[PDB]
Amino acid sequence: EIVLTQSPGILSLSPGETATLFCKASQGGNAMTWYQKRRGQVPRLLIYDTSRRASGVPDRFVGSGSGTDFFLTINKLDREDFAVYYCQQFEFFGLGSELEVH
Amino acid sequence: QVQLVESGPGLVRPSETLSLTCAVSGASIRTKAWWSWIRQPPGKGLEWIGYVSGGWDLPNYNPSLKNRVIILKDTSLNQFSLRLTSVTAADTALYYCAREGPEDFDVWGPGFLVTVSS
Amino acid sequence: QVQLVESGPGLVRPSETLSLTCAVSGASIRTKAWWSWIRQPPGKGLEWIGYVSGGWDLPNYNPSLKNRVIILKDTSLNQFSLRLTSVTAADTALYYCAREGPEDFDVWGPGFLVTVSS
Amino acid sequence: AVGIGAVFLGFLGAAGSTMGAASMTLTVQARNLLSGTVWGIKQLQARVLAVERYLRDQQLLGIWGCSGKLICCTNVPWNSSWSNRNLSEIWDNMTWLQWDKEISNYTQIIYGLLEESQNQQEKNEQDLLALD
Amino acid sequence: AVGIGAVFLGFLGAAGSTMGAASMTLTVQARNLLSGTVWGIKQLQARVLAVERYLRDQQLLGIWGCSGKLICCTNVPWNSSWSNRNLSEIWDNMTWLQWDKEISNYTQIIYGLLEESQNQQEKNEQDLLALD
Amino acid sequence: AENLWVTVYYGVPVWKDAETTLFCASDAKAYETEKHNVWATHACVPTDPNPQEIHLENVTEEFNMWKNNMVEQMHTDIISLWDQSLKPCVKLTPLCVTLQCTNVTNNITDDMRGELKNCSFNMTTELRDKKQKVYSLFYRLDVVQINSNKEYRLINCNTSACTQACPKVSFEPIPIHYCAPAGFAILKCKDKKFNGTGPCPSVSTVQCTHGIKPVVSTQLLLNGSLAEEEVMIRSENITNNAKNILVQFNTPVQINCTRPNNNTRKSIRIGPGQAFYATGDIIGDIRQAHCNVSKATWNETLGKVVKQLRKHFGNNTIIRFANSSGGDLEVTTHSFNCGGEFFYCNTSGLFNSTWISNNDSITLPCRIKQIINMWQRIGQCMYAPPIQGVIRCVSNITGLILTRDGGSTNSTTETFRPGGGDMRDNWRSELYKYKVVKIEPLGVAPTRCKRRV
Amino acid sequence: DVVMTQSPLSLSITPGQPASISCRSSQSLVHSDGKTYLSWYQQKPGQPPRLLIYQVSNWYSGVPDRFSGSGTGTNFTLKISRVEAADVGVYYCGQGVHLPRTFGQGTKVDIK
Amino acid sequence: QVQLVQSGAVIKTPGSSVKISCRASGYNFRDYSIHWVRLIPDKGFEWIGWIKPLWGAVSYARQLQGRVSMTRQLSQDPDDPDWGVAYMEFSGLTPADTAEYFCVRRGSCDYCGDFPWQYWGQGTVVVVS
Ligand SMILES: *[C@@H]1O[C@H](CO)[C@@H](O[C@@H]2O[C@H](CO)[C@@H](O[C@@H]3O[C@H](CO[C@H]4O[C@H](CO)[C@@H](O)[C@H](O)[C@@H]4O)[C@@H](O)[C@H](O[C@H]4O[C@H](CO)[C@@H](O)[C@H](O)[C@@H]4O)[C@@H]3O)[C@H](O)[C@H]2NC(C)=O)[C@H](O)[C@H]1NC(C)=O
Ligand SMILES: *[C@@H]1O[C@H](CO)[C@@H](O[C@@H]2O[C@H](CO)[C@@H](O[C@@H]3O[C@H](CO)[C@@H](O)[C@H](O)[C@@H]3O)[C@H](O)[C@H]2NC(C)=O)[C@H](O)[C@H]1NC(C)=O
Ligand SMILES: *[C@@H]1O[C@H](CO)[C@@H](O[C@@H]2O[C@H](CO)[C@@H](O[C@@H]3O[C@H](CO)[C@@H](O)[C@H](O)[C@@H]3O)[C@H](O)[C@H]2NC(C)=O)[C@H](O)[C@H]1NC(C)=O
Ligand SMILES: *[C@@H]1O[C@H](CO)[C@@H](O[C@@H]2O[C@H](CO)[C@@H](O[C@@H]3O[C@H](CO)[C@@H](O)[C@H](O)[C@@H]3O)[C@H](O)[C@H]2NC(C)=O)[C@H](O)[C@H]1NC(C)=O
Ligand SMILES: *[C@@H]1O[C@H](CO)[C@@H](O[C@@H]2O[C@H](CO)[C@@H](O)[C@H](O)[C@H]2NC(C)=O)[C@H](O)[C@H]1NC(C)=O
Ligand SMILES: *[C@@H]1O[C@H](CO)[C@@H](O)[C@H](O)[C@H]1NC(C)=O
Ligand SMILES: *[C@@H]1O[C@H](CO)[C@@H](O)[C@H](O)[C@H]1NC(C)=O
Ligand SMILES: *[C@@H]1O[C@H](CO)[C@@H](O)[C@H](O)[C@H]1NC(C)=O
Ligand SMILES: *[C@@H]1O[C@H](CO)[C@@H](O)[C@H](O)[C@H]1NC(C)=O
């Protein structure tokens, strides 16, 4: 299996800032999927193939990382972007990084 | 109804390879036209860098540009790109993409200040 | 898995036109190969007659064969033929069709004694 | 216009100018002559008509003095009854359309003259390389 | 291998060797480019695509200095920024695949330079045969 | 000397990756049979015998069988050819009619239902005024109970019309050679050990591919090209489970399949020149179709694929097999076309095993559908004509198509289930070697020569 | 043309004991790529010969590893570290790097 | 557009089964796989299984085998070939199974794999009590 770990957990930031969410895999050499889920809504894809963006995704989201270590950088934090953020590798999911309003 | 919009840096280090790219809408690139780059140092007059053609003309530049300028057209993306290798800080200028036609440079780009600074 | 089999006479008169023909199975003629003829006088060493190629090489023979040897390939029948005009009784030899490849003459023919006698 | 000074633009651009000015831009009209479940038959007959016309023109050139030189001086003279105008006037005064309207009658005798000239040059070159 | 010494075999055989060795074997890659109720449409569009590509290549050559010479020295110089390697090294060191990977950027400017050189040679030859 | 000039070299050997159409080729022995009792040797050029397999040396090309072209073109060509071999044949529009069906005359137990139902029905003759009453046999998988009495109808009669296959054209595969047209060449990766993706260090160009017989099978792909020495598994991603795993093994496993029910066909005249081929009498015993396999060879080949599958999943890993998890019929079983009649044969006997890190024969029962809807179109079904005689066939099992279960939650075991899926995974088992490249002549290069005036 | 010479011209083998043939070509057989187009054959009477070693470090498919080969310059070396009864015949050293192709004289090998 | 309409929320007794229908519309249903995923509170996501509707080939997760069954209903008419319905039947319900269930489809791009699920259903709340 693949164990995924969302390392910041709760991140407390203010609007307009930048954010960096780290995820760590148990097995290197693979792609990574980043999901956004706001409160009480349908989840929404952000990043597939560890650097590409989906339809309707603003380019201020930047996925990066390699091997076992991946980053999700969100520049220019809107109030709408304060949500839960998940990582996905083939079936296994990280428990979710929650972005918190400070 | 033609619309030209530049894109690229406005702040680069000297002794580097500068490159802009102007997107064209409202008309086609392969027209009776020279898609041209023209610059202007700040507070001073214009300085015509060069052109490229949508036909099959070879691009002809100003010889004062010292053969460091390669304007390359992209007909599959309706664009045409300036190049400037080995820049200096005295090459700080507003850059303009334009279109020579049967009239003289009707639709320009807005023109963006490239301030070459180290 | 290639298989080469000669065919033709083994007893001919001198001062005549000798001709064999080697059939090829197990592979194709038009390969990275020289379909070659190599002979051996009895009790003596080998004597390389020449080759032909399945590509477009011109055939190159041993100059001791005095330009009487024409090897002709038959790609429509997977064969290649030796010729020898104006033979003598001293040209009695075992004849061999073979295939030069990335290794050196892997599949031969069985080799048949052409005993030129009057 | 835009192409003033450096006299060139896209194909058929020189068609309004005089034939002397248009003579310097001939590569592109030569270029845009070849490249460009029942509709495939229409596409295919268009493409093979294009290559048949291009091959007929290249064969008409190839039996003359020039295979692909694209400007060919040759050895046939010119009857002045055909043009009957001032020579340097037509390169600053006439379009190719008007010139083709002028020599519409005087056609298809020029081509046989070209073939006779080329075959005569070929037999002369054969004799020249034969006696050497 | 089998073709050692007399360096030749079938087409694409020289594709692994260096470009200096591969330059002596070019006639067959030129050769194997032309010859070779609804499937007839597929066969026909394959055949006319083959002859269209071959005619485009022969026309690209024909507007340059060489019609069918198959090796053409010409009059345009070489920017050393493009190759930026030792000259005799590349004919004993590089494959044509690697060389085409090298000058992938530096393409389509060379062809316009060739056309300018050929048209300049044509107008110079026209002037030379004119004043004589 | 430093005044470098340029030179154009035409006919430079260099290629690029491209995607063009292809070139059919069939052997002339199948052309010897008159009037095309197999499909399309007239719609396909005769193969020039022993063509040029000229080797290439010191050349490294990257192959990729998963994003490969020409398997899509093979799928499209086989689909369009299967359509083009039915338009002559008879449409079965008047057969959709109320069927009075009973069980076949047989000493049937109440537990095991009769697989064959006898059905009598009205049918139009050649004359429009006169209709006839005629009977036939059908399988359980072709009739449904429309609704005392018991009356049925055919299964397809409320989604599509059906086309009866012509008994002239047979579905047995003749080998197809694919060939490139002019200006293209087919590079065959001749590497022994090659997992389908990456640089192949020993390639060779070719003009025509080998004999690729188009077989139709879901699990246990038949008569394919077996590997040289080892047993090679191939996947687009082994850690991914949504992609299938193509297992190609070395020694082909002999399989024997038969329908032992002897059949008599019966010509019923639908109309003027319209022949329909129904089933008449069952001459002899009423038995069940089955496919054998040899027990020792199958256990040995399963040991071979276990030994090879432990490379990608660690040594101390339990590997077990299971049968198919469900779905439609023709992905649960393994299906094929023996003698011009279709088999759907159960595979639970071949995949009940577990494997720890340290003269008999398996029989498995089949079922025989008379109608088929392969490729799952919207409005086409092929009826197959029943064939005379007890029918048997021998085949060489070449490879499997497996699928890992979506294992999570820290389990040592990793189970495998045979999954048919798309038909393209058959052709990807035979087009992993080849790719198509476009030759580009007229390279350009600097040297020291200037063209004199 | 290339001249080939094998030494010794005859060596009746002792079973259990090695044997050797030194080949001497007239010209340098090392091509500019770095290889050597040299081959070894084994005459069987009235037969196509058996092929022992080509491209001296390389091995034919169908040859056990009880043979060996080396060599420097034009002096190459076939060796049989353990002879058998299957080593009957008269061998050959033949070049392949120069046209015309040539062959050798051979070593006589019989039972001692 | 791609639409995945699920069925309404449900309250089921323990030990019973449940069937959730995912109606897909706006694409050729016989091409792309359909995955089922769950969202349990304070447990994150958990993948269930995928189904390819061209032959309905299914694969379930390892820790859920024997308890789930996925079927499909294609569109068999030459006028509306796009719509289709997946069905997930979940049997043997426990109080831990109270969650929100989703049917998902992957993207349609080249480098899009199979698991980067682009399009999502609205979700279905299942409560066991
Ligand atoms: C692919 O091939 C496999 C391998 O055979 C098939 O798997 C078998 O499937 C059958 C049914 O599909 C399984 O069920 C067995 O049915 C027998 C007959 O049922 C009668 O008797 C039962 C009472 O036992 C009645 O309820 C019923 O109404 C019938 O009257 C049963 O006898 C079997 O019971 C077995 O287990 C019990 C356990 O207590 C024993 O006591 C019995 O003696 C007996 O051994 C069973 O219920 C059968 O189990 C499957 N085989 C195996 C080996 O597991 C697949 O069905 C086939 N694929 C397809 C699509 O058909
Ligand atoms: C084939 O075609 C014949 C001709 O129409 C069909 O026979 C007819 O079927 C109907 C429907 O059952 C019969 O009507 C009913 O008959 C019963 C018995 O007589 C009667 O009790 C009912 O009140 C009703 O009238 C009709 O009689 C019958 N005609 C004949 C001559 O048999 C037949 O059903 C078709 N199919 C088969 C499988 O034969
Ligand atoms: C794969 O193998 C398993 C067994 O390992 C198969 O499970 C078996 O499935 C059958 C039917 O699919 C079950 O049969 C039952 O029979 C009664 C008798 O009337 C019927 O009422 C039931 O509705 C059901 O049909 C059988 O119980 C079951 N085995 C066990 C142990 O539960 C499975 O079907 C196989 N899959 C394939 C595709 O073959
Ligand atoms: C799974 O694989 C094996 C084939 O090797 C088969 O398992 C067999 O299952 C039957 C079930 O009735 C066993 O029959 C009985 O088992 C009891 C023990 O539980 C035994 O005491 C009885 O005498 C009787 O044999 C049978 O033994 C067992 N085979 C073995 C070797 O243990 C089965 O066919 C496969 N499953 C499926 C669904 O095909
Ligand atoms: C499948 O059927 C073939 C029928 O030919 C079997 O082959 C024969 O098997 C018998 C029994 O061992 C041998 O005596 C014959 O020599 C075989 N003939 C041939 C041509 O092979 C084969 O054994 C069967 N295989 C299985 C697994 O049942
Ligand atoms: C061409 O010939 C026609 C007679 O066919 C004549 O009427 C016409 O005047 C000629 N053209 C010119 C320019 O003289
Ligand atoms: C070719 O140009 C690209 C930019 O489009 C550049 O990244 C690349 O390095 C260039 N190739 C070489 C060999 O420098
Ligand atoms: C396969 O053969 C080995 C060796 O006899 C045996 O241990 C093993 O149990 C066999 N496998 C099966 C499924 O019978
Ligand atoms: C083979 O190709 C490599 C890479 O191009 C090169 O370095 C090597 O010298 C080549 N060897 C031969 C024998 O051509």
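Residues numbered from 1 in each chain as written, not as in the entry; some residues may be left out. Chains lettered and ligands numbered in written order. Part of a larger assembly, values for the part shown. Heavy atoms only, no water.

Judging from the entry metadata, cryo-EM is the method by which this structure was determined, and 3.80 Å is the reported resolution.

Let's talk about the overall build of chain A
Along the backbone of chain A there are zero helices and 11 strands. Secondary structure elements in chain A, listed N-terminal to C-terminal, are β-β-β-β-β-β-β-β-β-β-β. Its C-alpha atoms give chain A a radius of gyration of 13 Å, within 12% of the compact-globule value 13 Å for 102 residues. Summarising its shape, the C-alpha atoms of chain A cover approximately 35 × 25 × 25 Å along the three principal directions. Counting across all 102 residues of chain A, residues that qualify as buried make up 46%. The long-range share in chain A, meaning contacts at least 24 apart out of those at least 6 apart in sequence, stands at 54%. Within the structure as shown, chain A displays about 4,800 Å² of accessible surface, and the carbon and sulfur contribution to it stands at 47%. With 10 positive and 11 negative side-chain charges, chain A shows a spacing of 6 Å between the two charge centroids. (Helix = DSSP H or I, 4+ residues; strand = E, 2+ residues; numbered from the N terminus. Rg over C-alpha atoms; globule rule 2.2 N^0.38 Å. Buried < 20%, exposed > 50% of the residue type's maximum accessible area, 1.4 Å probe, protein only. Contact = heavy atoms within 4.5 Å. Areas by Shrake-Rupley, 256 points an atom, 1.4 Å probe, with all protein chains shown as cover. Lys, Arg positive; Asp, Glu negative; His and termini not counted. Charge placed at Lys NZ, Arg CZ, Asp CG, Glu CD.)

Quick word on helix α3 (residues 39–62) of chain E
The first and last C-alpha atoms of α3(E) sit 34 Å apart over 24 residues, in line with the 34 Å expected at 1.5 Å per residue. Three or more residues of α3(E) are buried, namely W39(E), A46(E), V48(E), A50(E), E52(E), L55(E), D57(E), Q59(E), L61(E) and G62(E). On its buried face, α3(E) sits against α2 (27–31) and α3 (39–62) of chain D together with α2 (71–84) of chain F. (Expected span 1.5 Å × (residues − 1).)

Topic: the interface of chain G and chain E
Facing the six residues of chain G at the interface are five residues of chain E. Here chain G and chain E share an interface that buries about 390 Å² over both sides, 61% of which is from carbon and sulfur atoms. Here chain G and chain E share zero salt bridges between them. The interface formed by chain G and chain E includes two residue pairs in polar contact. (Buried area = accessible area lost by both parts, 1.4 Å probe. Salt bridge = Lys/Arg side-chain N within 4 Å of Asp/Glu carboxyl O. Polar contact = N/O pair within 3.5 Å; in protein donor to acceptor, adjacent residues only side chain to side chain.)

Re the nonpolar core
Ranked by internal contacts, the top residues of the largest apolar core, which has 52 residues, are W64(E), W96(E), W99(E) and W15(F). Not counting the four nearest positions on each side in its chain, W64(E) is found in contact with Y111(E), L114(E), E115(E), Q118(E), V8(F) and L442(F). Counting residues in hydrophobic clusters, the runner-up holds 44 residues, among them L11(A), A19(A), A83(A) and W117(H). (Core = buried A, V, L, I, M, F, W, Y, C linked by side-chain atoms within 4.5 Å.)

Here we look at the sheet that holds strand β32 (residues 443–447) of chain F
With antiparallel pairing, the three strands of this open sheet are ordered in space as β1(E)-β1(F)-β32(F). Only two strands of the sheet have a single neighbouring strand rather than two, namely β1 (71–77) of chain E together with β32 of chain F. Ignoring which end each strand starts from, the neighbouring axes of this sheet average 30° apart. Here strand β1 (residues 5–9) of chain F pairs with β32(F) via five bridges, running antiparallel. Its bridge partner lying in β32(F), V8(F) is registered against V444(F). Sheet strands touched by helix α7 (residues 110–131) of chain E: β1 of chain E together with β1 and β32 of chain F. Its angle to β1(E), the strand with the most contacts, is close to 90°. (Pairing = 2+ DSSP bridges. Axes fitted to C-alpha atoms, helices over the stretch in contact; angles between N-to-C directions.)

Brief notes about the environment of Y48(A)
Relative to the elements of secondary structure, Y48(A) occurs in strand β5 (residues 44–48). Sequence separation between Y48(A) and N75(A) is 27 residues; the distance between their C-alpha atoms is 18 Å. In this view, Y48(A) contacts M32(A), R53(A), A54(A), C109(H), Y111(H), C112(H) and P116(H); residues no more than four positions away in its chain are not counted.

Focus on the packing of aromatic side chains
As enumerated under the stated definition, the model contains 49 aromatic pairs over all chains in all. A ring pair is formed by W48(C) and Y51(C), whose centres lie 6.2 Å apart and whose planes are at 35°; its orientation type is tilted. Through a chain of ring-to-ring contacts, the aromatic side chains of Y35(A), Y86(A), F93(A), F45(H), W47(H), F102(H), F115(H), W117(H) and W120(H) assemble into a single cluster. Lying across the ring of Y27(H), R105(H) places its NZ or CZ 4.7 Å from the centre. (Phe/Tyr/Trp six-rings, centres within 6.5 Å; stacked < 30°, edge-to-face > 60°. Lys NZ or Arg CZ within 6 Å of the ring centre and 35° of its normal.)

Considering the sheet that holds strand β6 (residues 47–53) of chain C
All names here are of chain C. Strand order in the open sheet made by the five strands is β2-β11-β10-β5-β6, with mixed pairing throughout. Of all strands in the sheet, those bounded by a partner on one side alone are β2 (11–12) and β6. With two bridges connecting them, β2 and strand β11 (residues 112–116) associate as parallel partners. By the bridge assignment, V12 is partnered in β11 with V116.

Observations concerning the arrangement of the chains
Contacts are most numerous between chains E and F, considering all 11 pairs of chains that are in contact. With no contact between them, chain A and chain G keep their nearest C-alpha atoms 38 Å apart. Nothing in chain B touches chain G, and the closest approach of their C-alpha atoms is 41 Å.

Thoughts on the interface of chain F and chain E
In this complex, chain F contributes 41 residues to the contact, which on the side of chain E involves 52 residues. Summed over both partners, the interface of chain F with chain E buries about 4,800 Å², with 68% contributed by carbon and sulfur atoms. Summed over the three residues of chain F that lose the most area to chain E, namely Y10(F), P13(F) and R451(F), the buried surface amounts to 19% of that side. Our count for the contact surface shared by chain F and chain E stands at zero salt bridges. For the side of chain F that touches chain E, the elements supplying multiple residues, two or more each, are β1, α2, β13 (184–189), β31 (434–439) and β32 of chain F. Among the residues forming the side of chain F that touches chain E, the class breakdown is 26 nonpolar, nine polar and six charged. (Nonpolar A, V, L, I, M, F, W, Y, C, P; charged D, E, K, R; others polar.)

With respect to the pairing of β6(C)
Residues and elements named next belong to chain C. With six of its seven residues buried, β6 lies for the most part within the structure. In terms of strand pairing, strand β5 (residues 34–40) meets β6 through six bridges, oriented antiparallel. Along β6, the bridge assignment pairs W35 with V52. Between β5 and β6, which pair antiparallel and follow one another directly, the connecting turn spans six residues, one of which, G43, has a positive phi of 80°.

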